[PDB]
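Same protein, same chain, two forms; see structure 1 and structure 2 below, as structure tokens.
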Structure 1
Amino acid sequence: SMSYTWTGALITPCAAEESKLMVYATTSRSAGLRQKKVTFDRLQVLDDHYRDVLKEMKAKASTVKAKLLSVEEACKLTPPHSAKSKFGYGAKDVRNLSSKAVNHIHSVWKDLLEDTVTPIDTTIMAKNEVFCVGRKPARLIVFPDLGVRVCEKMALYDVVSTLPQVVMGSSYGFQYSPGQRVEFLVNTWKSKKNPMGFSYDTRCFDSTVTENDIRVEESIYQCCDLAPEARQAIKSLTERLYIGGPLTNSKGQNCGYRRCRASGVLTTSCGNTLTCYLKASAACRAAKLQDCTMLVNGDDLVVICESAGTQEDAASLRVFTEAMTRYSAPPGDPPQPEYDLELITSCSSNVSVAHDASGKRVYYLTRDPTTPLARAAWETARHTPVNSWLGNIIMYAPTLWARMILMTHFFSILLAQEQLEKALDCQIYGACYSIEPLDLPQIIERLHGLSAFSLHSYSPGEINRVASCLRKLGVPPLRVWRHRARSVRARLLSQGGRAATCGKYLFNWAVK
């Protein structure tokens, strides 16, 4: 079946959007190009490898017990800036347990229990994201109304937060902080006698997810020991929402119909990760890969196994790809065997190595800095809700580029504007935090360890990547950042207190 059908009505913005300050932001103007790419017929043919892996996943899922959340619990766990309901209340009313919201949520719940067939309405919007130099079109986001979204937590929050780690174990990527993720990847790599690894990412993954895939996911959830109302709600959600439904634009027009994964539902991440794990584990068996270990984060897969030799390895990957494709998930770019862990990129990132103060080798997670730099650039001139700059500084604190460029430039600006003490909203790991810049040393220490303030002797390859990207983008070279940092550090130190703590920890590297 067609992943989507379209009426011709346009995907419309609900606010002024911005396409420029090179660096661009996606807008609804490009929605059409995305629509075209994401619209196609799915062919899927399952085989015994698939059935066998599924069986094993269900056996694990059958050891999980999950509860319903009360309306109140689901209200409190609703994010503060999520889109308001069409029924007269918003997130803040949900979070503060307003009778309007609570009564509507209860009525949505009752409807889900009493009707398991009527397709539920969704809104479709174009995502506004910043990229750098062609242009990629806007990604689409499909979500139901706020009341429905609270009900999804009621039925499934306890499931999505407990089940995936049980079914997928160490392969469930979302359990890992950056350093833990590296630790898993390095230990896996070092465990193989002659390691080979590869990344795979599916072309339009959400569009490739079929009705059957979504029903198989539901059948995994129903293996859990659940309350009878939960079972009914999960069924109803699956039939009325997850498998598909009508799409409405921001102006209330009907845009069409969805027969694939909606991107804006509670189960998107868990379900995509489970479905990718299922197809990829079965594809590892088809390909006959030896001593396979997988890491999955949605449709971002890394596989590390024992090499069977160069040509053998190249042929097995084609076999893996062929299996993935029969299962509905062809790659954007064909996977390539890698024999150096540093060269495997997944979730836009890769493992690299540096040295701590003692000279000990320390592995850490990095990435190509072009997008982070471009987003930081945007945020110097505009301003937004996520403050990706700050998020990158935190998640990529041990990297040469976050330390030399992002930390420097941003403290430079905070100092100049006297806003060291002003908290900033920052979206990280799906949550919105209010972060004070002076709190960074503690945050980084907790997330990455003290060695993050002491890494040196970066790998040549990583240093040259940073240098190249700066050259490509016309940003000053590393020597200038070091000079700037020495100045930033002196200034911080001059202020004493916590400002000095920042200078000392964040900018220890810039000292002579």
Structure 2
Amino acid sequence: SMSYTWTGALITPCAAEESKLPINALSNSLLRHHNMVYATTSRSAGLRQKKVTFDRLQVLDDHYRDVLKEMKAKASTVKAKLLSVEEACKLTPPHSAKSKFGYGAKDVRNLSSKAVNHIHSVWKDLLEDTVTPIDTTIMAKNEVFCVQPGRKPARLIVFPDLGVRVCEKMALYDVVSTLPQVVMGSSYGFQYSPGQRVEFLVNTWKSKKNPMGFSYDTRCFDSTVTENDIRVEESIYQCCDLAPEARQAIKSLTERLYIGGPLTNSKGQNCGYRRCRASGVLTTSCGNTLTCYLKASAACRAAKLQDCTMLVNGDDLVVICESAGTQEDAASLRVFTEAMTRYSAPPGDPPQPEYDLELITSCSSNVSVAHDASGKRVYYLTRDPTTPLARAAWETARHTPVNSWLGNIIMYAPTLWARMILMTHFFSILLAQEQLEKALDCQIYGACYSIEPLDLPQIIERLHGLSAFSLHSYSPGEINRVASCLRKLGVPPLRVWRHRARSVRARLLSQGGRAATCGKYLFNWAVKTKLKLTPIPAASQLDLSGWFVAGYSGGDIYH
């Protein structure tokens, strides 16, 4: 069937949308080439609609059903619980979209009786009615990029009312938090810190006699998801040991929301109908991960890839296997792709075999190597810093709900671009505003986290190790990619950043306490006469539970 049917009604914004890079007094210290930076708006939604709208055909074979059976066997070992209304309410981001029924996120969060009453009413209706399609809003996402000589159209987000979103948590939060690791084991990617992911990638790579690897880019994964896939997902959820009410609600959410339903714009006009994955439901991450792992695991068998190890984060897939040499690897991957295509996950750009781990991009990241304090080689994950820096420029001039810069510093802390540019720039800004103590929101694996900037040294230590504060002798390939980015964007040379970082560090040191700790660890690279970095005390008090358990993209989750 068609992924979507459209009425002609337009996808509408809630507020005016800026597409041009806002400029303030801080902008130029980061980036001179402002016209290279843009944000998507709803006004390009028609271009997206076009490309996410196609017919899906699905041909399912024995490998498919075999893998599914294995997945269900493991799923049946999971026991999951219902969350109370209040438990589910506390998982709601403060900035979440408000209900059409006269209450908002903060009402939910502080448990107003108005919110809670509507929630209980939504739940009761889920138990009673397992057929009536549930309403969703379709919006365009405003995301920032750099011009790639041209522009990406806005992504679409499809989400049900707040009342329904709290109910999803009640029925499925424990499931989507617990099931994927039990079903998929070490192949489930959202369980890893950056440190663990690079560890798992390197160990996997060198466990092969002659390693070959490839990332598989599905063309618009969400759109490729069929009703079959979503019913198949539900059948996996139902293997779990669940309370009768959770079973009923899960069945009801599947039939009424997950499978499809009507699409309404912000003005309340009907825009059409969806028959593929909604990107803004609780099950998007878990559903996509299970479905990608199933199709890929079965496609590996069909292609006869040898010792194929998968790493799956939603729709993001990387496979590492044994080479049969270049001719056979190329033919293998074609069989893999034909299978995936038969399963309704055709590729965007065709996959290509890789023989160098560092040339493989997965979760928009590639492995690279640097050296630590004692010369002892260390692997870490990095990326082309263009988009992170284009977004950092936007966020320098505009207050954003989610600070991408903060998530990039957290996840890319060991990189030369994050240490030298992002750390230096934003700590300078926090200092000027005396907002070092001010807790800031960022999204990691789709979930929103409130973070104190001053806890960054502890956070980085836990996620990457001390190495992250002592890394040097980065690779010519990486150094060239950074330098090329700065040239393109008109970002000041690294000597300018080194100069600035010295100032930032000194200023932090002068401050004392946690701020001096930020000065010492984060900016030890800037000083020629290096200080000794010991393991950070009282770091092992702060619990990073909720971190690196599961993915929740589009799932309206707050920790």
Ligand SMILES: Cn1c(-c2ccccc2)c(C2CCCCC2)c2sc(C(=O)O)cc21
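If you superpose the two forms and keep the largest set of C-alpha atoms that fall within 1.5 Å, you have the rigid core. Along the sequence of structure 1, residues get numbers from 1 upward.
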property	result
Structure, 1 versus 2, that is the form solved without the named molecule	2
Moved residue between structure 1 and structure 2 - picked from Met57, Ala31, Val38, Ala485, where its Cα shifts 2 angstroms or more relative to the rigid core	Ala485
C-alpha of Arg240 moved at least 2 Å between structure 1 and structure 2 on rigid core	no
Core fit, then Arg382 C-alpha moves 2 Å or more between structure 1 and structure 2	yes
Large Cα move at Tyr433 between structure 1 and structure 2, threshold 2 Å, rigid core	yes
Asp313: CA movement between structure 1 and structure 2 [superposed on rigid core, Å]	0.4
Value in Å for the CA shift of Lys504 between structure 1 and structure 2, taken after the core is superposed	2.6
After superposing on the core, C-alpha shift for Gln419 between structure 1 and structure 2 in angstrom	4.7
